[PDB]
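In what follows, a single structure is set out as structure tokens and then discussed.
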Amino acid sequence: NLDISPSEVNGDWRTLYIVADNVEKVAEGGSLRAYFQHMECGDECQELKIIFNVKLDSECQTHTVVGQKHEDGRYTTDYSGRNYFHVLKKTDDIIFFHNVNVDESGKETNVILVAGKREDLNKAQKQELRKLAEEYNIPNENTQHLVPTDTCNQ
């Protein structure tokens with residue numbers, strides 16, 4: 001996979017799209033429907049702090065996770081079970097993350113989350129997202145566009 005540096009990641013980010021093979025996890029009220037707000041890491045990006053909101057009732061419930069980087073490039077963190085995440089694609093203003101969540105009940109969910117410093121993907125990036133989901137055995141019909149309900153950063 002692709003490494004990230006503090007200079008690349010530090011700052012505000014938002015979630016544009018999430019797609020997952022267990023749709024309940026990323027649809028409204030899902031445990032993994034994370035509206036990014038900010039990322040920050042230090043030296044070598046060993047310790048990656050991600051601040052995000054989930055919507056709970058009508059309100060913003062803010063969360064922070066700290067991912068720990070490992071030699072294989074994955075970060076781990078606890079959140080609604082155990083997560084293993086890494087970078088599948090990156091540009092200066094868009095990151096595609098792949099996450100595997102193993103929930104407390106043992107259910108495994110594969111996720112692609114698109115984080116951005118802008119509000120939209122272009123058409124090429126949308127097709128790339130679809131191709132990646134296929135490659136990762138994730139149904140594209142589960143795709144969630146978060147922009148229209150992202151109200152916790154403004």
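Chains: A, B, ... in order of the structure tokens. Residues: from 1 per chain. Ligands: from 1, in order shown.
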
Wanna dump the region 59-154 of chain A-region 33-50 of chain A contacts at 9 Å for me, each residue with its shortest atom pair and the distance in Å to one decimal, counting only C-alpha atoms, ordered by chain and number, as JSON lines?
{"residue": "A:63", "atom": "CA", "partner": "A:50", "partner_atom": "CA", "distance": 8.2}
{"residue": "A:64", "atom": "CA", "partner": "A:50", "partner_atom": "CA", "distance": 5.6}
{"residue": "A:65", "atom": "CA", "partner": "A:50", "partner_atom": "CA", "distance": 5.4}
{"residue": "A:66", "atom": "CA", "partner": "A:49", "partner_atom": "CA", "distance": 4.5}
{"residue": "A:67", "atom": "CA", "partner": "A:48", "partner_atom": "CA", "distance": 4.9}
{"residue": "A:68", "atom": "CA", "partner": "A:47", "partner_atom": "CA", "distance": 5.1}
{"residue": "A:69", "atom": "CA", "partner": "A:46", "partner_atom": "CA", "distance": 4.9}
{"residue": "A:70", "atom": "CA", "partner": "A:46", "partner_atom": "CA", "distance": 7.8}
{"residue": "A:75", "atom": "CA", "partner": "A:48", "partner_atom": "CA", "distance": 8.2}
{"residue": "A:113", "atom": "CA", "partner": "A:34", "partner_atom": "CA", "distance": 8.8}
{"residue": "A:115", "atom": "CA", "partner": "A:36", "partner_atom": "CA", "distance": 7.2}
{"residue": "A:116", "atom": "CA", "partner": "A:36", "partner_atom": "CA", "distance": 8.8}
{"residue": "A:144", "atom": "CA", "partner": "A:33", "partner_atom": "CA", "distance": 8.8}
{"residue": "A:146", "atom": "CA", "partner": "A:35", "partner_atom": "CA", "distance": 7.4}
{"residue": "A:147", "atom": "CA", "partner": "A:35", "partner_atom": "CA", "distance": 8.9}
{"residue": "A:150", "atom": "CA", "partner": "A:35", "partner_atom": "CA", "distance": 6.7}
{"residue": "A:151", "atom": "CA", "partner": "A:35", "partner_atom": "CA", "distance": 8.9}
{"residue": "A:152", "atom": "CA", "partner": "A:35", "partner_atom": "CA", "distance": 7.8}
{"residue": "A:153", "atom": "CA", "partner": "A:37", "partner_atom": "CA", "distance": 6.4}

Keeping only N, CA, C and O atoms, take the residues you just selected and write them out as a PDB file, in the first residue's frame.
ATOM      1  N   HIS A  63     -16.335  11.722  17.761  1.00  0.00           N
ATOM      2  CA  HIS A  63     -15.446  10.635  18.156  1.00  0.00           C
ATOM      3  C   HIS A  63     -14.024  10.906  17.742  1.00  0.00           C
ATOM      4  O   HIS A  63     -13.726  11.600  16.743  1.00  0.00           O
ATOM      5  N   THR A  64     -13.084  10.311  18.489  1.00  0.00           N
ATOM      6  CA  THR A  64     -11.703  10.329  18.073  1.00  0.00           C
ATOM      7  C   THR A  64     -11.222   8.902  18.147  1.00  0.00           C
ATOM      8  O   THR A  64     -11.492   8.197  19.103  1.00  0.00           O
ATOM      9  N   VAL A  65     -10.479   8.470  17.127  1.00  0.00           N
ATOM     10  CA  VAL A  65      -9.761   7.180  17.161  1.00  0.00           C
ATOM     11  C   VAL A  65      -8.306   7.498  16.938  1.00  0.00           C
ATOM     12  O   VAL A  65      -7.955   8.471  16.268  1.00  0.00           O
ATOM     13  N   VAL A  66      -7.424   6.691  17.516  1.00  0.00           N
ATOM     14  CA  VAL A  66      -6.004   6.757  17.246  1.00  0.00           C
ATOM     15  C   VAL A  66      -5.597   5.482  16.571  1.00  0.00           C
ATOM     16  O   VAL A  66      -5.625   4.431  17.149  1.00  0.00           O
ATOM     17  N   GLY A  67      -5.209   5.580  15.292  1.00  0.00           N
ATOM     18  CA  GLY A  67      -4.629   4.437  14.598  1.00  0.00           C
ATOM     19  C   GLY A  67      -3.149   4.340  14.870  1.00  0.00           C
ATOM     20  O   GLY A  67      -2.407   5.291  14.880  1.00  0.00           O
ATOM     21  N   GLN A  68      -2.724   3.119  15.145  1.00  0.00           N
ATOM     22  CA  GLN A  68      -1.287   2.748  15.271  1.00  0.00           C
ATOM     23  C   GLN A  68      -0.821   2.060  14.051  1.00  0.00           C
ATOM     24  O   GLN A  68      -1.352   1.037  13.669  1.00  0.00           O
ATOM     25  N   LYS A  69       0.203   2.654  13.421  1.00  0.00           N
ATOM     26  CA  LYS A  69       0.797   2.083  12.209  1.00  0.00           C
ATOM     27  C   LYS A  69       1.639   0.829  12.524  1.00  0.00           C
ATOM     28  O   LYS A  69       2.320   0.780  13.520  1.00  0.00           O
ATOM     29  N   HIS A  70       1.597  -0.155  11.630  1.00  0.00           N
ATOM     30  CA  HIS A  70       2.435  -1.337  11.716  1.00  0.00           C
ATOM     31  C   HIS A  70       3.269  -1.562  10.464  1.00  0.00           C
ATOM     32  O   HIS A  70       3.101  -0.844   9.424  1.00  0.00           O
ATOM     33  N   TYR A  75      -2.959   0.467   9.749  1.00  0.00           N
ATOM     34  CA  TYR A  75      -3.204   1.025  11.082  1.00  0.00           C
ATOM     35  C   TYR A  75      -4.272   0.172  11.783  1.00  0.00           C
ATOM     36  O   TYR A  75      -5.243  -0.273  11.156  1.00  0.00           O
ATOM     37  N   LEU A 113     -13.696   3.955   2.285  1.00  0.00           N
ATOM     38  CA  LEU A 113     -14.136   5.289   2.666  1.00  0.00           C
ATOM     39  C   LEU A 113     -13.318   6.324   1.901  1.00  0.00           C
ATOM     40  O   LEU A 113     -12.087   6.243   1.833  1.00  0.00           O
ATOM     41  N   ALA A 115     -12.131  10.061   1.718  1.00  0.00           N
ATOM     42  CA  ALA A 115     -11.947  11.299   2.498  1.00  0.00           C
ATOM     43  C   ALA A 115     -11.460  12.387   1.540  1.00  0.00           C
ATOM     44  O   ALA A 115     -10.707  12.109   0.623  1.00  0.00           O
ATOM     45  N   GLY A 116     -11.918  13.586   1.773  1.00  0.00           N
ATOM     46  CA  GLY A 116     -11.595  14.696   0.892  1.00  0.00           C
ATOM     47  C   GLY A 116     -11.320  16.027   1.546  1.00  0.00           C
ATOM     48  O   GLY A 116     -11.798  16.288   2.612  1.00  0.00           O
ATOM     49  N   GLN A 144     -22.754   4.910  -0.196  1.00  0.00           N
ATOM     50  CA  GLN A 144     -23.397   6.037   0.489  1.00  0.00           C
ATOM     51  C   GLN A 144     -22.637   7.312   0.187  1.00  0.00           C
ATOM     52  O   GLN A 144     -21.435   7.383   0.346  1.00  0.00           O
ATOM     53  N   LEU A 146     -22.187  10.884   1.426  1.00  0.00           N
ATOM     54  CA  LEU A 146     -22.383  11.565   2.695  1.00  0.00           C
ATOM     55  C   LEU A 146     -22.495  13.079   2.593  1.00  0.00           C
ATOM     56  O   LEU A 146     -22.941  13.729   3.573  1.00  0.00           O
ATOM     57  N   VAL A 147     -22.091  13.685   1.493  1.00  0.00           N
ATOM     58  CA  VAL A 147     -22.046  15.137   1.427  1.00  0.00           C
ATOM     59  C   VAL A 147     -23.352  15.827   1.786  1.00  0.00           C
ATOM     60  O   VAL A 147     -23.351  16.798   2.584  1.00  0.00           O
ATOM     61  N   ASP A 150     -23.821  16.023   5.563  1.00  0.00           N
ATOM     62  CA  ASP A 150     -22.663  16.389   6.371  1.00  0.00           C
ATOM     63  C   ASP A 150     -22.876  17.779   6.888  1.00  0.00           C
ATOM     64  O   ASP A 150     -22.682  18.806   6.174  1.00  0.00           O
ATOM     65  N   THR A 151     -23.359  17.836   8.110  1.00  0.00           N
ATOM     66  CA  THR A 151     -23.627  19.089   8.749  1.00  0.00           C
ATOM     67  C   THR A 151     -22.813  19.365   9.983  1.00  0.00           C
ATOM     68  O   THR A 151     -23.076  20.390  10.640  1.00  0.00           O
ATOM     69  N   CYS A 152     -21.879  18.490  10.369  1.00  0.00           N
ATOM     70  CA  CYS A 152     -21.162  18.663  11.624  1.00  0.00           C
ATOM     71  C   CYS A 152     -19.829  19.431  11.559  1.00  0.00           C
ATOM     72  O   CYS A 152     -19.157  19.581  12.604  1.00  0.00           O
ATOM     73  N   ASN A 153     -19.444  19.898  10.377  1.00  0.00           N
ATOM     74  CA  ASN A 153     -18.147  20.560  10.241  1.00  0.00           C
ATOM     75  C   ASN A 153     -18.291  22.033  10.028  1.00  0.00           C
ATOM     76  O   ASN A 153     -17.316  22.753  10.174  1.00  0.00           O
TER      77      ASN A 153
END

Picked from chain A by DSSP as alpha helix (DSSP H), as a list in words: residues 6, 7, 8, 9, 123, 124, 125, 126, 127, 128, 129, 130, 131, 132, 133, 134 and 135 of chain A

Got time to write the residues from that selection, C-alpha atoms, as a PDB file, in the first residue's frame?
ATOM      1  CA  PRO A   6       2.145  14.292   8.312  1.00  0.00           C
ATOM      2  CA  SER A   7       2.405  17.015   5.699  1.00  0.00           C
ATOM      3  CA  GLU A   8       0.035  15.012   3.470  1.00  0.00           C
ATOM      4  CA  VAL A   9      -2.590  14.289   6.048  1.00  0.00           C
ATOM      5  CA  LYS A 123     -16.071  11.204 -12.977  1.00  0.00           C
ATOM      6  CA  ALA A 124     -12.787   9.357 -13.311  1.00  0.00           C
ATOM      7  CA  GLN A 125     -12.438   9.055  -9.545  1.00  0.00           C
ATOM      8  CA  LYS A 126     -16.005   7.722  -9.247  1.00  0.00           C
ATOM      9  CA  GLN A 127     -15.201   5.003 -11.756  1.00  0.00           C
ATOM     10  CA  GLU A 128     -11.996   4.216  -9.916  1.00  0.00           C
ATOM     11  CA  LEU A 129     -14.035   3.865  -6.704  1.00  0.00           C
ATOM     12  CA  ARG A 130     -16.412   1.495  -8.398  1.00  0.00           C
ATOM     13  CA  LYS A 131     -13.569  -0.599  -9.787  1.00  0.00           C
ATOM     14  CA  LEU A 132     -11.907  -0.793  -6.395  1.00  0.00           C
ATOM     15  CA  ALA A 133     -15.101  -1.851  -4.671  1.00  0.00           C
ATOM     16  CA  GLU A 134     -15.370  -4.723  -7.258  1.00  0.00           C
ATOM     17  CA  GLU A 135     -11.823  -5.681  -6.620  1.00  0.00           C
TER      18      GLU A 135
END

Which one is closest to residue 102 (chain A): A:74, A:25, A:82, A:14? Count only C-alpha atoms.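 Once distances to residue 102 (chain A) are computed over only C-alpha atoms, the minimum belongs to A:82.
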
Residue nearest residue 92 (chain A) - candidates A:13, A:117, A:145, A:19, atoms counted: only C-alpha atoms: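 Counting only C-alpha atoms, the residue closest to residue 92 (chain A) is A:117.
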
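What separates CA of residue 109 (chain A) from CA of residue 97 (chain A) is a distance of 13.7 Å.
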
Residue contacts of residue 31 (chain A) (9 Å, only C-alpha atoms) excluding same-chain residues fewer than 4 positions away, as a ChimeraX atom specification: /A:24-27,54,79-80

Residues of the last selection are to be written out with N, CA, C and O atoms, as a short mmCIF file (atom, residue, chain, number, x, y, z; two decimals), in the first residue's frame.
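This is the output file again-v4.cif:
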data_model
loop_
_atom_site.label_atom_id
_atom_site.label_comp_id
_atom_site.auth_asym_id
_atom_site.auth_seq_id
_atom_site.Cartn_x
_atom_site.Cartn_y
_atom_site.Cartn_z
N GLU A 24 -25.87 -2.00 6.51
CA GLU A 24 -26.35 -1.43 7.74
C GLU A 24 -25.24 -0.73 8.49
O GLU A 24 -25.50 0.17 9.29
N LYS A 25 -23.98 -1.11 8.25
CA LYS A 25 -22.89 -0.51 8.99
C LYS A 25 -22.63 0.89 8.51
O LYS A 25 -22.05 1.67 9.29
N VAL A 26 -23.00 1.24 7.27
CA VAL A 26 -22.66 2.54 6.71
C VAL A 26 -23.81 3.41 6.30
O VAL A 26 -23.62 4.58 5.97
N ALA A 27 -25.01 2.84 6.26
CA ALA A 27 -26.26 3.59 6.07
C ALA A 27 -26.54 4.44 7.29
O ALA A 27 -25.85 4.36 8.31
N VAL A 54 -20.54 11.04 14.07
CA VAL A 54 -21.63 10.21 13.62
C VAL A 54 -22.85 10.99 13.99
O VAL A 54 -22.83 11.79 14.90
N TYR A 79 -12.82 0.62 17.61
CA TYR A 79 -13.99 1.43 17.37
C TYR A 79 -15.01 0.49 16.82
O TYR A 79 -14.86 -0.08 15.78
N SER A 80 -16.10 0.34 17.54
CA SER A 80 -17.12 -0.61 17.17
C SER A 80 -16.48 -1.93 16.79
O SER A 80 -16.79 -2.53 15.75
#

Considering only C-alpha atoms, can you say which of A:2, A:23, A:94, A:56 comes closest to residue 122 (chain A)?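 Selected residue with least distance to residue 122 (chain A): A:94.
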
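As for CA of residue 107 (chain A) and CA of residue 84 (chain A), they are spaced 13.8 Å apart.
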
Between A:1, A:77, A:83, A:61, smallest distance to residue 96 (chain A) by only C-alpha atoms belongs to A:1

Report, in Å with one decimal, the straight-line distance from CA of residue 112 (chain A) to CA of residue 20 (chain A).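 Between these atoms lies a distance of 6.4 Å.
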
As an mmCIF file with C-alpha atoms, in the first residue's frame, which residues of chain A does DSSP assign to strand (DSSP E or B)?
data_model
loop_
_atom_site.group_PDB
_atom_site.id
_atom_site.type_symbol
_atom_site.label_atom_id
_atom_site.label_comp_id
_atom_site.auth_asym_id
_atom_site.auth_seq_id
_atom_site.Cartn_x
_atom_site.Cartn_y
_atom_site.Cartn_z
ATOM 1 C CA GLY A 11 -5.660 19.158 8.575
ATOM 2 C CA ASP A 12 -9.396 19.091 8.022
ATOM 3 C CA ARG A 14 -14.520 15.284 5.199
ATOM 4 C CA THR A 15 -16.139 12.070 4.109
ATOM 5 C CA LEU A 16 -17.457 12.022 0.576
ATOM 6 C CA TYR A 17 -18.479 8.398 0.079
ATOM 7 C CA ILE A 18 -18.476 5.158 2.020
ATOM 8 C CA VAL A 19 -19.147 1.738 0.517
ATOM 9 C CA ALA A 20 -19.253 -1.507 2.523
ATOM 10 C CA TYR A 35 -18.262 11.957 8.801
ATOM 11 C CA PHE A 36 -14.553 12.879 8.978
ATOM 12 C CA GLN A 37 -13.528 16.171 10.453
ATOM 13 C CA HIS A 38 -9.752 16.116 10.964
ATOM 14 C CA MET A 39 -6.605 14.009 10.805
ATOM 15 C CA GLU A 40 -3.329 14.476 12.536
ATOM 16 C CA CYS A 41 -0.147 12.460 12.851
ATOM 17 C CA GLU A 47 0.125 7.605 15.494
ATOM 18 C CA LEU A 48 -2.829 8.852 13.400
ATOM 19 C CA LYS A 49 -5.561 10.704 15.202
ATOM 20 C CA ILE A 50 -8.821 10.890 13.301
ATOM 21 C CA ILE A 51 -11.703 13.042 14.582
ATOM 22 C CA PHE A 52 -15.096 12.249 13.039
ATOM 23 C CA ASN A 53 -18.771 12.640 13.749
ATOM 24 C CA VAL A 54 -21.628 10.208 13.616
ATOM 25 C CA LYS A 55 -25.132 11.488 13.574
ATOM 26 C CA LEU A 56 -27.170 10.299 16.533
ATOM 27 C CA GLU A 59 -27.111 15.731 16.643
ATOM 28 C CA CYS A 60 -23.426 15.406 16.016
ATOM 29 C CA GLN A 61 -21.645 12.881 18.219
ATOM 30 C CA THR A 62 -17.940 13.500 17.934
ATOM 31 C CA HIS A 63 -15.446 10.635 18.156
ATOM 32 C CA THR A 64 -11.703 10.329 18.073
ATOM 33 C CA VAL A 65 -9.761 7.180 17.161
ATOM 34 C CA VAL A 66 -6.004 6.757 17.246
ATOM 35 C CA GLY A 67 -4.629 4.437 14.598
ATOM 36 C CA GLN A 68 -1.287 2.748 15.271
ATOM 37 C CA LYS A 69 0.797 2.083 12.209
ATOM 38 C CA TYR A 75 -3.204 1.025 11.082
ATOM 39 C CA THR A 76 -5.179 -0.616 13.893
ATOM 40 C CA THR A 77 -7.740 0.972 16.152
ATOM 41 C CA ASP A 78 -10.634 -0.007 18.328
ATOM 42 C CA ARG A 82 -11.415 -3.864 15.862
ATOM 43 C CA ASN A 83 -10.310 -2.002 12.678
ATOM 44 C CA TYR A 84 -7.510 -2.580 10.254
ATOM 45 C CA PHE A 85 -7.155 0.268 7.755
ATOM 46 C CA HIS A 86 -4.780 1.396 5.049
ATOM 47 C CA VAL A 87 -4.503 3.783 2.087
ATOM 48 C CA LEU A 88 -5.536 2.472 -1.309
ATOM 49 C CA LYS A 89 -5.202 5.703 -3.248
ATOM 50 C CA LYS A 90 -4.105 9.179 -2.501
ATOM 51 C CA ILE A 94 -8.612 12.864 -1.909
ATOM 52 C CA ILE A 95 -7.734 9.665 0.010
ATOM 53 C CA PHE A 96 -9.330 6.279 -0.514
ATOM 54 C CA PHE A 97 -9.043 4.173 2.684
ATOM 55 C CA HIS A 98 -9.780 0.494 2.964
ATOM 56 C CA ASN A 99 -10.959 -0.665 6.398
ATOM 57 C CA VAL A 100 -11.807 -4.108 7.754
ATOM 58 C CA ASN A 101 -14.020 -3.867 10.876
ATOM 59 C CA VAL A 102 -14.586 -6.857 13.087
ATOM 60 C CA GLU A 108 -16.566 -8.720 9.480
ATOM 61 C CA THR A 109 -17.263 -5.727 7.286
ATOM 62 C CA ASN A 110 -15.081 -4.548 4.403
ATOM 63 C CA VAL A 111 -15.226 -0.793 3.783
ATOM 64 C CA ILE A 112 -13.889 1.744 1.318
ATOM 65 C CA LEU A 113 -14.136 5.289 2.666
ATOM 66 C CA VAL A 114 -13.331 8.344 0.538
ATOM 67 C CA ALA A 115 -11.947 11.299 2.498
ATOM 68 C CA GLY A 116 -11.595 14.696 0.892
ATOM 69 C CA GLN A 144 -23.397 6.037 0.489
ATOM 70 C CA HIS A 145 -22.842 9.651 -0.529
#
